[PDB]
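*Asks:* Mapping the sequence shown onto the working numbering, position 37 (from 1) lands on 222, and the numbers just tick up by one.
Encoded as structure tokens, here's the structure I'll be asking about.
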Amino acid sequence: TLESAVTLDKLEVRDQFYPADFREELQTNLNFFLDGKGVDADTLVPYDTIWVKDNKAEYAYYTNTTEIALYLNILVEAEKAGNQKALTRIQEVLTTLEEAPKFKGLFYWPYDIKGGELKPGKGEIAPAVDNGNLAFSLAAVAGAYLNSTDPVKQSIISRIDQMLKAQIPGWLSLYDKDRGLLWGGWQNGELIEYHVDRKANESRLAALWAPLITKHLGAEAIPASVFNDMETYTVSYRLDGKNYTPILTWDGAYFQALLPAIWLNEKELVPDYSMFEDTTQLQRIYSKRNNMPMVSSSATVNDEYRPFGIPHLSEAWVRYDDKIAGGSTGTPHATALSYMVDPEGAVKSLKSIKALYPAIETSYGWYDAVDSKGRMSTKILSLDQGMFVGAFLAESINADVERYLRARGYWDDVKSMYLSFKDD
Numbered sequence: 186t187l188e189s190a191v192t193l194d195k196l197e198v199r200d201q202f203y204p205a206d207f208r209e210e211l212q213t214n215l216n217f218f219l220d221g222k223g224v225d226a227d228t229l230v231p232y233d234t235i236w237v238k239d240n241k242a243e244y245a246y247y248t249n250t251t252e253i254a255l256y257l258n259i260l261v262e263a264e265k266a267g268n269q270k271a272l273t274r275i276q277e278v279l280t281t282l283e284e285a286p287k288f289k290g291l292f293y294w295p296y297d298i299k300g301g302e303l304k305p306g307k308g309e310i311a312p313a314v315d316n317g318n319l320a321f322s323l324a325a326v327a328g329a330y331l332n333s334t335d336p337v338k339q340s341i342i343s344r345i346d347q348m349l350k351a352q353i354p355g356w357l358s359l360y361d362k363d364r365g366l367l368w369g370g371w372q373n374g375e376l377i378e379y380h381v382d383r384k385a386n387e388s389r390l391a392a393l394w395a396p397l398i399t400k401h402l403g404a405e406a407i408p409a410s411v412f413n414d415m416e417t418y419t420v421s422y423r424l425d426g427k428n429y430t431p432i433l434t435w436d437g438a439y440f441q442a443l444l445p446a447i448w449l450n451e452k453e454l455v456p457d458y459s460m461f462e463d464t465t466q467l468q469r470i471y472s473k474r475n476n477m478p479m480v481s482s483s484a485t486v487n488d489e490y491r492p493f494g495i496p497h498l499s500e501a502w503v504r505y506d507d508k509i510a511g512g513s514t515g516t517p518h519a520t521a522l523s524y525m526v527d528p529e530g531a532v533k534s535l536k537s538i539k540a541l542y543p544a545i546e547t548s549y550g551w552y553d554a555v556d557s558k559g560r561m562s563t564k565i566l567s568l569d570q571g572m573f574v575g576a577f578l579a580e581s582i583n584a585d586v587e588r589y590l591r592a593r594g595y596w597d598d599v600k601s602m603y604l605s606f607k608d609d
């Protein structure tokens with residue numbers, strides 16, 4: 186029970202993930218997750234938000250399980266680079282998670298971290314989105330050690346299977362038999378009003394996962410339908426004599442289209458990924474023009490926080506004439522996300538950005554928001570840093586997920602469900 190407390194004061198992945206073009210800059214952003222920078226010493230989870238003025242940091246004492254998933258997968262990659270401290274940390278982190286209060290097995294959003302333990306936020310909110318995300322994270326973590334005869338790694342495996350098994354009540358809880366979709370979650374003891382009803386958003390992993398972990402329960406098996414029946418909408422544009430048909434995220438925000446791609450090889454599993462390629466190029470053009478990064482939910486330049494999307498890449502605007510987010514600001518993590526679609530142009534772009542704005546670099550990472558005029562946030566966010574770094578690791582995290590799904594009999598289910606991912 187009494188153990189030494191390791192300090193991760195160095196964090197490095199394998200060499201293959203660092204572009205020749207861009208090594209240092211990835212390390213800088215990766216360094217966010219060093220102990221004492223972006224990671225809390227007492228709970229050993231990343232802070233939700235930092236403020237950095239001159240390599241001195243202020244901290245918002247919150248976290249969520251999406252930030253923790255990404256942290257985990259990164260740790261795995263540091264472990265593969267040969268960091269033995271990371272393997273200890275992965276076990277400390279699983280303990281935390283096992284200790285975190287839950288609701289029918291599902292994690293809360295957010296977790297308050299003020300005490301030195303995870304308290305559920307005042308809402309008592311239990312979202313499908315965060316539990317979907319973390320389900321795949323743990324798959325990838327298990328995916329990475331399933332071949333190990335090391336008994337410590339075997340241990341991690343069994344602990345992850347347990348923790349996912351425990352979520353069965355939660356997932357069953359969330360299955361509306363009438364609408365045939367997942368409710369969005371639980372909030373203060375009550376089902377949340379809305380449903381997981383669009384493939385083109387973050388919450389799709391939950392819908393993907395529920396059928397899998399409940400596959401065996403026979404009569405009460407949650408149907409694939411919870412994923413398949415979800416709607417997918419594009420819009421058909423033309424530009425300088427070329428057609429684009431971009432997949433529309435609800436609020437136009439990049440992250441909803443490409444976050445899941447950190448865990449799943451969506452570029453192969455989707456029949457025609459062209460829509461994603463198109464959403465990407467349109468984002469890439471709007472970015473280049475406004476001399477700022479691509480656009481997703483992020484910090485503001487004055488340290489608020491706001492969804493940000495391109496109106497013409499937004500379902501709500503295009504489809505329902507309801508504009509719910511601006512394209513005033515860009516964020517580095519959205520440009521880095523795009524390395525999962527086009528890695529050459531992503532590095533060019535981020536490099537282009539740092540040439541224009543040399544002050545964007547801090548020792549905790551690049552700042553989260555950059556205006557078209559060149560104004561900038563003081564905030565750096567664990568969510569965005571995890572997405573930034575994870576984009577570059579996705580090939581390795583994707584392979585591990587697939588290994589997991591193959592071992593658990595899930596892989597054909599996933600592929601089948603992906604057959605449905607096509608423009609309605």
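C-beta: ideal position from N, C-alpha, C; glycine also.
Within the same chain, show all residues whose beta-carbon is closer than 8 Å to that of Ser459, passing over the 5 residues directly before and after it, in chain order.
*Replies:* Excluding positions up to five away in sequence, the list reads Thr430.
*Asks:* What's the C-alpha gap between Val411 and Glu462?
*Replies:* Going by the C-alpha atoms only, they are around 25 Å apart.
*Asks:* At the level of alpha carbons, what is the spacing between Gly223 and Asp488?
*Replies:* Each residue's Cα considered, the two are about 17 Å apart.
*Asks:* Between the Cα of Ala324 and those of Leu229, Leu390 and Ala311, spot the shortest distance and give me the residue it belongs to.
*Replies:* Of the candidates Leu229, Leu390 and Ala311, the one whose C-alpha sits nearest the C-alpha of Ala324 is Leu390.
*Asks:* For a minimum of 4 consecutive residues, which ranges assigned as the alpha helix (DSSP H) are wholly contained in the segment 352 to 423?
*Replies:* Counting only runs of 4 or more, we get 353 to 358, 389 to 398 and 410 to 413.
*Asks:* Can you list, in chain order, the residues of its chain whose CB lies under 8 Å from that of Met602, leaving out five sequence neighbours each side?
*Replies:* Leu393, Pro396, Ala409, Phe412 and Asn413, listed in sequence order.
*Asks:* Between the C-alpha atoms of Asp346 and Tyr330, what's the straight-line distance to the nearest angstrom?
*Replies:* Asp346 and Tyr330: Cα-Cα distance of roughly 13 Å.
*Asks:* In the DSSP assignment, what residue or residues form a beta bridge with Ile565?
*Replies:* BP columns for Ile565 point to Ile235.
*Asks:* When you compare each of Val586, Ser548, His497 and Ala320 to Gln570 by their alpha carbons, which one comes out closest?
*Replies:* Taking only the C-alpha atoms, the option nearest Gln570 is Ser548.
*Asks:* Looking only at DSSP bridge pairs, what is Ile432 linked to?
*Replies:* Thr419.
*Asks:* Going straight from the alpha carbon of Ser537 to that of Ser482, what length do you get?
*Replies:* Rounded to the nearest angstrom, the two C-alpha atoms are 21 Å apart.
*Asks:* Do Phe440 and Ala519 come within 9 Å of each other at the CB atom, strictly closer than that value?
*Replies:* Yes.
*Asks:* Helix, strand or coil for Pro312, going by three-state DSSP, please let me know.
*Replies:* Residue state, collapsed to three classes: strand.
*Asks:* Is it buried or exposed for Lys558, if we count other Cβ within 10 angstroms and need 16 for buried?
*Replies:* Exposed, because fewer than 16 other Cβ atoms sit within 10 Å of the Cβ of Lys558.
*Asks:* Going by Cα to Cα distance, which pick from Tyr505, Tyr471 and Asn476 is closest to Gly494?
*Replies:* Comparing Cα-Cα distances from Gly494 to each of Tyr505, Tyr471 and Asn476, the minimum goes to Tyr471.
*Asks:* Can you check which of these residues, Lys241, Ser523 and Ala242, is closest to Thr465 by C-alpha distance?
*Replies:* Comparing Cα-Cα distances from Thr465 to each of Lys241, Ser523 and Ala242, the minimum goes to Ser523.
*Asks:* Go to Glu243, then tell me how far its beta strand (DSSP E) extends in each direction, as first and last residue.
*Replies:* First-last of the beta strand (DSSP E) with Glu243: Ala242 to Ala245.
*Asks:* For the pair the segment 276 to 294 and the segment 550 to 568, tell me if three or more CB-CB distances fall below 8 Å.
*Replies:* Taking 8 Å as the limit for Cβ pairs, the verdict is that the segment 550 to 568 does not touch the segment 276 to 294.
*Asks:* Which class does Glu302 belong to by DSSP, given the choice of helix, strand or coil?
*Replies:* Note: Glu302 maps to coil in three-state DSSP.
*Asks:* Could you have a look at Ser482 and say whether DSSP puts it in helix, strand or coil?
*Replies:* The answer is coil: DSSP assigns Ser482 none of H, G, I, E or B.
*Asks:* With 16 other CB atoms within 10 Å as the buried threshold, where does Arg423 fall?
*Replies:* It counts as exposed.
*Asks:* Go through its chain and collect everything with a Cβ distance to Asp585's Cβ below 6 Å, but skip five positions before and after it.
*Replies:* Hits under 6 Å: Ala325, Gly328 and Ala329.
*Asks:* Assign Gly369 to one of two classes, buried (16 or more other C-beta atoms within 10 Å of its C-beta) or exposed (fewer than that).
*Replies:* So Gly369 ends up on the buried side.
*Asks:* Can you give me the C-alpha to C-alpha distance between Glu453 and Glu188, rounded to a whole angstrom?
*Replies:* Going by the C-alpha atoms only, they are around 44 Å apart.
*Asks:* From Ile353 to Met477, what does the alpha carbon distance come to, in whole angstroms?
*Replies:* Roughly 43 Å between the two C-alpha positions.
*Asks:* Less than 8 Å between C-beta atoms, sequence neighbours within five positions excluded: which residues of the same chain meet that for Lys238?
*Replies:* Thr563, listed in sequence order.
*Asks:* Taking the beta carbon of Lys607 as the centre, do at least 16 other beta carbons fall within 10 Å, making it buried, or is it exposed?
*Replies:* Classification of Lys607: exposed, given that the 10 Å Cβ count is below 16.
*Asks:* For a quick check, are the C-beta atoms of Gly437 and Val480 less than 9 Å apart?
*Replies:* Going by C-beta atoms, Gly437 is nearer than 9 Å to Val480.
*Asks:* Decide yes or no for the touch test of the segment 251 to 271 against the segment 197 to 208: beta carbon pairs closer than 8 Å, at least 3 of them.
*Replies:* Yes: the two stretches touch, three or more of their Cβ pairs being nearer than 8 Å.
*Asks:* Is there a Cβ of chain D sitting closer than 9 Å to that of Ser557, yes or no?
*Replies:* No chain D is part of this structure, which consists of one protein chain only.
*Asks:* Rounding to the nearest angstrom, what Cα-Cα distance links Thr334 and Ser340 in this structure?
*Replies:* Roughly 10 Å separates the two Cα atoms.
*Asks:* Hey, how far is the Cα of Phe288 from the Cα of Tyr232?
*Replies:* Each residue's alpha carbon lies about 23 Å from the other.
*Asks:* Should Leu282 go down as buried or exposed, given a rule of 16 or more other Cβ atoms within 10 Å for buried?
*Replies:* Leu282 is buried by the Cβ-count criterion.
*Asks:* Give me whichever residues DSSP pairs with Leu291 in a beta bridge.
*Replies:* The partner list for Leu291 (beta bridge, DSSP) reads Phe288.
*Asks:* Does the pairing of the segment 315 to 323 with the segment 245 to 254 give three or more beta-carbon distances under 8 Å?
*Replies:* Cβ pair count under 8 Å is three or more, so yes.
*Asks:* To the nearest angstrom, how far is it from the Cα of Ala254 to the Cα of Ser322?
*Replies:* Spanning the two alpha carbons is a distance of roughly 5 Å.
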